[PDB]
RNA sequence: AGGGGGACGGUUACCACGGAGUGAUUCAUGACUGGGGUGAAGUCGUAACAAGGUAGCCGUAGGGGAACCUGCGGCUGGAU
RNA sequence: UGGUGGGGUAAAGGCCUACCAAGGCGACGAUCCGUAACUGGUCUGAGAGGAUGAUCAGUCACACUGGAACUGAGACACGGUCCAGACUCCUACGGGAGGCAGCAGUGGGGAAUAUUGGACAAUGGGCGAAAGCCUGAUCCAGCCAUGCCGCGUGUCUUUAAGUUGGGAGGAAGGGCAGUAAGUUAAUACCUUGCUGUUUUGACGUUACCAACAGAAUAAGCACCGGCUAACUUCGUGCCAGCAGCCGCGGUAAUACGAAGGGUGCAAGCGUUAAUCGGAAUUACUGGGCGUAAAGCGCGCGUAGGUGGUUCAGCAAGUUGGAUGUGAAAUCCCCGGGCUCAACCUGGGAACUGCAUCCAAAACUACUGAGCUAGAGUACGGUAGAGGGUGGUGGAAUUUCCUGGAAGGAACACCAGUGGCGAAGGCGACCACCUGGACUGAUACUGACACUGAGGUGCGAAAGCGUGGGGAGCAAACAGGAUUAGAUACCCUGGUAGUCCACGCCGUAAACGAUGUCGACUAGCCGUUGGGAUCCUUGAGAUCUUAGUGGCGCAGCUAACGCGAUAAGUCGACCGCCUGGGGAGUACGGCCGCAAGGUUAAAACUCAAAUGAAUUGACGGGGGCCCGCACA
RNA sequence: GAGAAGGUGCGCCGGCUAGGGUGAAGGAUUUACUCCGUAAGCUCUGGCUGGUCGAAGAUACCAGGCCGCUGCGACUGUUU
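Below, the structure is given as structure tokens:
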């Protein structure tokens, strides 16, 4: 740790590994739905949430959350991916964005229309 | 072993500054004697006392203030390891310039005030504050 | 006449690409396996936390469905 | 890698060559492996820095892929040739051709990126006596909120926009036909530079000025549980959902879906992603390690880092000035301009840098003579479970048998907060060959120094070697009693093992969970070895040291607590740490007969695990006490 | 393992060159069933360089085929 020992072997700053294995410094990355299904939350909560499995165009097998209150993503859609880790859902770190290509958009959704895919 | 002559005297008086002793004696060199002469001229100590015999020694007579004495800390900067050879534009004004910042130069082991008005830099030795 | 000197020749070294044999070193994949993580926890259980109902723990051999036991040297992170 | 003879390049040179020699490179990281044009700079930053190379400018590099020369001043040539390969194309089957990383543009990939534009009028170039001729470089236009500025959507003005009328600046000159000049052998004459006039040439065709009709043509987004002072209800009910961290929803919901209002700042508002930051969260500035993560188990010591002491010298580091630069751009100030701001430049500032030069000598290295403190030895004297070899023992206990005979093993007391060894470690008695320190001084050495990656030995016991022994116990087990069960503690039994010789493993709760070394800062009480002081009979005080302990201030510490044996103040160096899991684990290397050991990862996953301390509770925790709780 | 696998050279004639063994024209004396070493002669094995002929140079006879997974038996051996 001394300045002699720094010239011998200097302090290497340890790199921080990124949170997303996919999205290789890309803000969005297109995918194709392998499977949409139902997932339970973590124990101190309880609900029924709907997540999707996608293969990406990087060929990767990760899960994205369909963030709508209603969707017609019918098992082969062309859904677009953002990041962000949903807390209550374990082990998954991606979200399907609304109104991208095949994501139809949440019904009425009258505030936050830029988030959940609504015109006007 | 002992590895630095003048860092061994700058430590041995500070624990005596917080102790109740006045005359500090140790086996001394000319290097430790040239340092001691400049801060008695700054009002910190007095009467360095080369013993002038074989194995010559320094009896620095440090002054006391009432209660807490006059020199709080002596911080070594250029120890022997990283030895802080510094220019004249970059002299340390230690405590607003109330530290006198003695710097070893060719024409004298001298305070930072006369180191800048006659411009030679070098070994920034220690905090005197 | 021809000579000098050139040109196409002849073949000699050099070499890219290609060939062959045998290895290295990397990347993807692989029936089938072995642990790991997170879950939800059904289960034999009670293994640790009190002297946790046999004091724990560490090394190591050795042994046994498991959360686990003896020995030899070891430590109190052991208390009345 | 050098040496010479030659050969060769525009030019030095194993560049090419023959032969001579055995050199060269590298722990300051060679070679191999993965990665990437580099820089001025750029972005976050207090700065140090960290990240980073899109427009802009310098250098480099490439032209389907590879090899190769040719011509030329200049190439191993992007719209050259040759050869080879891959691909593609026209064929009338004779023979042919092509290379968009040039500007458009097309697929195709992708989250994602533009027009098959106008003209050489400006600036260049390329040829030309000149005229000019070409240029997808350029000047400049469509397309895109992609930034960066300004500006507008009204408080009865008309800006923008649109209609009309106006209106600079981008033009330097060219043609010409005189006019004067100076080379002229002959200003005869050409050719040229000058002068004044005439003729003409603008891609963007306008910016810009001034009229006109009339508010006609203009706002959106996200949130509102907290620490963001934007903060009723209605629907929904642990549903549906939101969210960055807590969390919210389980029936009056400020946390989720609307309405109803505000607020952030605006033609943009938001969230996905990446960078730095706060992050002292890799701490040079500027952190750690007794118990939270972290001291190898410790030595000998190689490179190296640093090095007691004095004079003199050197001027490598250090210090000042001098000069060339550190390109321009960017930035930083003062400005000038667009009506203002961007933007544009002018001036400087800045560019902490680099070598050269002279000047300096306090300190460092180096050089030389030294100096005795550090460190070592010549001289005994004890202390000492140092350690090893061989023996001699004793009681139990054990095994026999008529109290003896027989052999294994650890040696009660002496035993000690004692010694000894770097460490691990080590006690009956006895010799025998051997260690290092202490101390009493007396002699001499002249820093010979400490520390030390690698490197190298040496390290408790279960082990498993390769041979033996044999008591007790006991790993391995059989049952006995016990429980739903013992596979357990208890009960009856015993081989491996400890022992020995050589050899291997190199493991640890190797622990004082505290690296080695030196220096210094109040003490006090035992205790170990010397020695000297001491009225001295020691029953012993004091002093002096080198160990081993207690308690305590100064001191530090998160606290527990350390406290001259530091965990303080410091100094040199070394080993080690970067959230908990994964994991001291996989894979690769090394060692081992095996068990395995040593070096040592990410993928994933969680917002916490951990440290000391305090209150409460609990305890088959102790100790007192109370009550028919016990008779 | 291994002669793993795979490869190269190979005739004859010259040119140049490095030795080794034997030997003695005569000299040392132990004047002889001996040492030193002449020399040639004879004989053995190289190294570098050309040249040359044919389809072919271990030209005939002679003279291993090799490799990758496996079962069983360890191996040499023995047997109807």
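Residue numbers (full-length UniProt numbering), protein chains in the order written: chain A, 2 to 121; chain B, 2 to 130. Backbone N, C-alpha and C fix where the C-beta goes; we use that ideal spot for every residue, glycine too.
Alpha-carbon spacing of residue 14(B) relative to residue 10(A), whole angstroms
By 1-based counting over the second chain, the position of residue 14(B) is 13. By 1-based counting over the first chain, the position of residue 10(A) is 9. Cα to Cα, the separation comes out at about 36 Å.
Own chain, CB closer than 8 Å to residue 91(A), minus 5 neighbours either side, in chain order:
Start at 1 with the first residue of the first chain, and residue 91(A) comes out as number 90. Closer than 8 Å at the Cβ level, and outside the excluded window around residue 91(A), lie 43.
Quick one: is residue 112(B) buried, meaning 16 or more other Cβ sit within 10 Å of its Cβ, or exposed?
In the second chain, residue 112(B) corresponds to position 111, counting from 1. With 16 or more other Cβ atoms within 10 Å, it is buried.
Go to residue 8(A), then tell me how far its alpha helix (DSSP H) extends in each direction, as first and last residue.
Residue mapping note: residue 8(A) aligns to position 7 of the first chain, counting from 1. From DSSP, the alpha helix (DSSP H) with residue 8(A) extends over 4-9.
Among all the DSSP beta bridges, which residues are the ones paired with residue 63(B)?
Here residue 63(B) refers to the residue found at position 62 of the second chain. Looking at the DSSP assignment, residue 63(B) forms a beta bridge with 46(B).
Of the listed residues 63(B), 93(B), 66(B), nearest to residue 76(B) (C-alpha basis):
Locating residue 76(B) in the second chain gives position 75, where the first residue counts as 1. Among 63(B), 93(B), 66(B), the Cα nearest to that of residue 76(B) belongs to 93(B).
Let me check one thing: in DSSP terms, what residues is residue 28(B) bridge-paired to?
Residue numbering aside, residue 28(B) sits at position 27 when the second chain is read from its first letter. Note: residue 28(B) sits in a beta bridge opposite 58(B).
Residues in the same chain with beta-carbon distance under 7 Å from residue 33(B), minus the five sequence neighbours each way, listed in chain order, please.
Residue 33(B) sits at position 32 when you count from the first residue of the second chain. Excluding sequence neighbours, residue 33(B) sits near 6, 7, 10, 59.
What are the residues that DSSP puts in a beta bridge with residue 33(A)?
Your numbering for residue 33(A) matches position 32 in the first chain. Answer by DSSP bridge pairing, in chain order: 56(A).
With a floor of 4 residues, list each alpha helix (DSSP H) that falls wholly inside the segment 73-117 of chain B, ordered by position along the chain.
none
So, residue 31(A) versus residue 74(A), is the Cβ gap smaller than 8 Å?
As a position in the first chain, residue 31(A) is number 30, starting the count at 1. As a position in the first chain, residue 74(A) is number 73, starting the count at 1. Against a cut-off of 8 Å, the Cβ pair of residue 74(A) and residue 31(A) comes out as no contact.
Could you check whether residue 129(B) and residue 43(B) sit closer than 8 Å to each other, using their CB atoms as the reference points?
The count along the second chain starts at 1 and reaches residue 43(B) at position 42. The count along the second chain starts at 1 and reaches residue 129(B) at position 128. Yes. Within cutoff.
Residue nearest to residue 19(B) in terms of C-alpha spacing, selected from 46(B), 52(B), 73(B)
On the second chain, residue 19(B) is found 18 positions in, with the first residue counted as 1. Closest option to residue 19(B), Cα to Cα, is 73(B).
Our contact map puts residue 99(A) next to residue 117(A) with C-beta atoms below 8 Å; I'd like the distance itself, whole angstroms only.
As a working note, residue 99(A) is residue 98 in the first chain. As a working note, residue 117(A) is residue 116 in the first chain. Contact holds; Cβ gap of about 5 Å.
Residue span of the alpha helix (DSSP H) that contains residue 12(B), given as start and end
The residue labelled residue 12(B) in the question sits at position 11 within the second chain. Run containing residue 12(B): 8-13, per the alpha helix (DSSP H) assignment.
Collapsed DSSP secondary structure at residue 43(A) in the structure displayed:
Sequence index remark: in the first chain, residue 43(A) carries index 42 (1-based). Three-state result, residue 43(A): coil.
Considering only their Cβ atoms, is the gap separating residue 77(A) from residue 27(A) smaller than 8 Å?
On the first chain, position 26 is the one that residue 27(A) refers to. On the first chain, position 76 is the one that residue 77(A) refers to. Contact flag unset, no.
Sequence-distant residues of the same chain with beta carbon closer than 6 Å to residue 87(A), five excluded per side
The residue you call residue 87(A) lines up with position 86 of the first chain. Once the five neighbours on either side are set aside, the close Cβ partners of residue 87(A) are 66.
Residue 114(A) to residue 2(A), Cα distance in whole Å?
Here residue 114(A) corresponds to residue number 113 of the first chain, with the count starting at 1. Here residue 2(A) corresponds to residue number 1 of the first chain, with the count starting at 1. Roughly 55 Å between the two C-alpha positions.
Residue burial classification, residue 102(A) (beta-carbon count within 10 angstroms, cutoff 16)
Start at 1 with the first residue of the first chain, and residue 102(A) comes out as number 101. Classification for residue 102(A): exposed.
Which residue marks the beginning of the beta strand (DSSP E) containing residue 72(A), and which one marks its end?
By one-based count along the first chain, residue 72(A) stands at place 71. From DSSP, residue 72(A) is part of no beta strand (DSSP E); its letter is neither H nor E.
On the CB-based measure, 16 or more other CB atoms within 10 Å of its CB, does residue 16(A) come out buried or exposed?
The residue given as residue 16(A) occupies position 15 in the first chain. Label assigned to residue 16(A): exposed.
Cβ-Cβ distance between residue 63(A) and residue 22(A) below 8 Å
Here residue 63(A) refers to the residue found at position 62 of the first chain. Here residue 22(A) refers to the residue found at position 21 of the first chain. Their beta carbons are under 8 Å apart, which means residue 63(A) touches residue 22(A) by this criterion.
Nearest-angstrom Cα separation, counted from residue 103(B) out to residue 121(B)
Here residue 121(B) is taken as the residue at index 120 of the second chain, counted from 1. Here residue 103(B) is taken as the residue at index 102 of the second chain, counted from 1. Whole-angstrom Cα-Cα distance: 12 Å.
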